[PDB]
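Here you'll find one protein chain in two forms, each presented separately as structure tokens under the names structure 1 and structure 2.
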Structure 1
């Protein structure tokens, strides 16, 4: 066994055992030749990034929990997880040599950083004689294949995208890999010999530098929770079958949607498995919704954005971004700060920004409200600033999804009906007329009657005192006047669209 070669699976996304072709392939190969190989399933953790402010504490905790679950599940297959601290550039040269790696597998990703990181790894592997097998299992459809089927271009409308993907085959969804047979623990490398726990899963203390930023642990990380949560969602087949996104509440105290996004983002849940389960249900339920508003339709939106994103490295910026309207957003530092911390003076907006910071998830339409307010609706601040804040706070932060939906909300791409503007006062009332959600997340306003809790500036000073919260003292004065600025911004939007039109027809 001093002569064994090592098979490595590199986890980045795809933090699950189920439906993981890259992982299954390694386990299958090991069991094929019994005394031949050692198996190392690894996650590479750069210990310097633990302070990167672009990752908030709630998301670190989710990753910590996820790695622990992944180690637990691997232990059942007579394996374990190896969390190797460092950067791939230095880690791979060392372990290819140390472990005598024969093969390396991972799930592909389309993000710019990942494309260049993986090309580097492929380059090293090729030069060092390591075979590399990659798999597209993060999405149901391979963006490269969609773009190729569409003659070299990513489809820019959803219905056209659907028309392409129904021409594509959907791969088989796999189970969990097989238990390893006759597999002693690998020999310690030089790092392990110095410290036996060198590759153990990180503790909370090691991942979470700022525990004071942690909120209630409403969505625990890992594949186990992912499947449990999915199964609980799929249980009411009528709800599943009749689901229409636009009719779900943004302010219900309990989520009106699945809340599978963080699990889909990390790959704790396979999108292909979830797609498969939904199809089985739709087949059973004669009365059901269809894309774009159906539950399957939502998975297809995820697929849609991954595809437009895969063709555009600047997807997360305005400048140099092929899809994006060039719009003269403004710098408004004080306003940005107030929006970021849920101190705009609009209680609905503030409640949402507060839930997001505290819990790491807010409903899609709650994201609409704050994203509209920040950009074209009210503050006239760049969607890129909003994206930055969401990136920090969201458990489900997803490069492609965040960028795509921020462009949609700001009417920069995909959505163009800018005359439709969410009211920070009116929008939430439809689903929460008593303002329970505001009372919860903005407790200072909790005694305000429903008749002015969405618009506290309507309360006289004697009323404010009776409610125990005086504006400008206990809660902020509204930063801008929606009824004025949104009308001026609609005009700004039309003006920018016109400039973009000229430029287009001008390139001809």
Structure 2
């Protein structure tokens, strides 16, 4: 008796999962011949290459616990194997007599390298590998091909390409396993009945004092429920315009499906279909790029450019990225990283990010503009790395790609338009309710100067119980001075790049 193995990495869902469906149908179409091991590998190598903050460790824990629960309802379970894939797979290929391995493809360089090695090993041991592209709606390889070898570098060109492509068939959940006995204990399972059990919170979250509020639980179960709730107001869905959603409402003004799509707890292909049904129903609706379908297309867009450039996440050797002489300022970077810039709007966003792990898209704009071309002149690679630690949705391609946009390093080139850290939030939060929540030390400043507490006299600062320089920091820079200087720096950078 040989085993069929589905390998979770992303695609942490039962629904719309061709790679996992195939395994299950195979076992049910040939009962008595196959064991089924759905596995997720706790790969220590990922830590040598990426940073993970407490909140995202908890999201994953929650995700794996839900996936194990969902798999039990199909008379299976999640096997969480600890160790490196390069060492893990040779063992289990033998100990399990693995006939077929399926997994969902990924375009990240670490994923490509890892997967190539695993396919070299599987080919040696005579293991059949089947992979499916279901993390995205469109196959970036097919988009690049349809565009004659190059990724489209504008959204509009990208849309024109994928319009001519076939939308994939969205699958249901796999059928339950008919007469599938519990797999036989292997070398590790026999010395430890729990060696493959889902990790506890304690095992995954080493810094539990860094956990913030539990607001967006992980798990395919929570994703589908959050999607169903988001779609309930079909008018809100149909007439959604991303630019008109607020960055600083107390309640998220968008869906907050990003953590679920990032991990694959929600299929983008299912979400796209559900959106296309509502749009059909609602003749007055928005259109890309501002619409909700437009937002899934931005995801597709960035995954397509990123699949063609292994160096997508750095400035050097990145075909898309303007070479810009960012400066090194450790103290300004620390202040930004911990929301101690002295600009309440900027500090409120960064504290929301560290405490909760999600901030609105225009909040990401504000703070990213500040760190890079706006104010501090610090490389987008430094803000990427902070976002990478803190974000529940941390995604290689988007964190990369949107940082390049925001710094005017690629895709976006109107660097003379600069967000004001004082004025930008006022449009949608004149009272500064958001600031009061996330910067509580300023909670007694009136709306007139909560965005600019340095406009309050010392007497008033003491009255509000928050003296700048003691209870809340002075501005680490003067926006009105630096942002003009950075515009000229940017113009010089652009000139140099144009001449090379």
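Shifts are known only where both forms have a C-alpha. Numbering follows the first chain given and starts at 1. Superpose the two forms; the largest set of C-alphas matching within 1.5 Å is the rigid core.
Novice: Quick one: lay the two forms over each other on the core and tell me which of 466, 29, 50, 470 moves its CA by at least 2 angstroms between structure 1 and structure 2.
Specialist: Residue with a C-alpha shift of 2 Å or more: 50.
Novice: Taking the rigid core as the frame, how far in Å does the Cα of residue 171 move between structure 1 and structure 2?
Specialist: That residue's C-alpha sits 1.1 Å away in the other form.
Novice: Tell me, which consecutive runs of three or more residues change place between structure 1 and structure 2 by 2 Å or more at the CA, with the core overlaid?
Specialist: Residues 46 to 53 form the single run that moves by 2 Å or more between structure 1 and structure 2.
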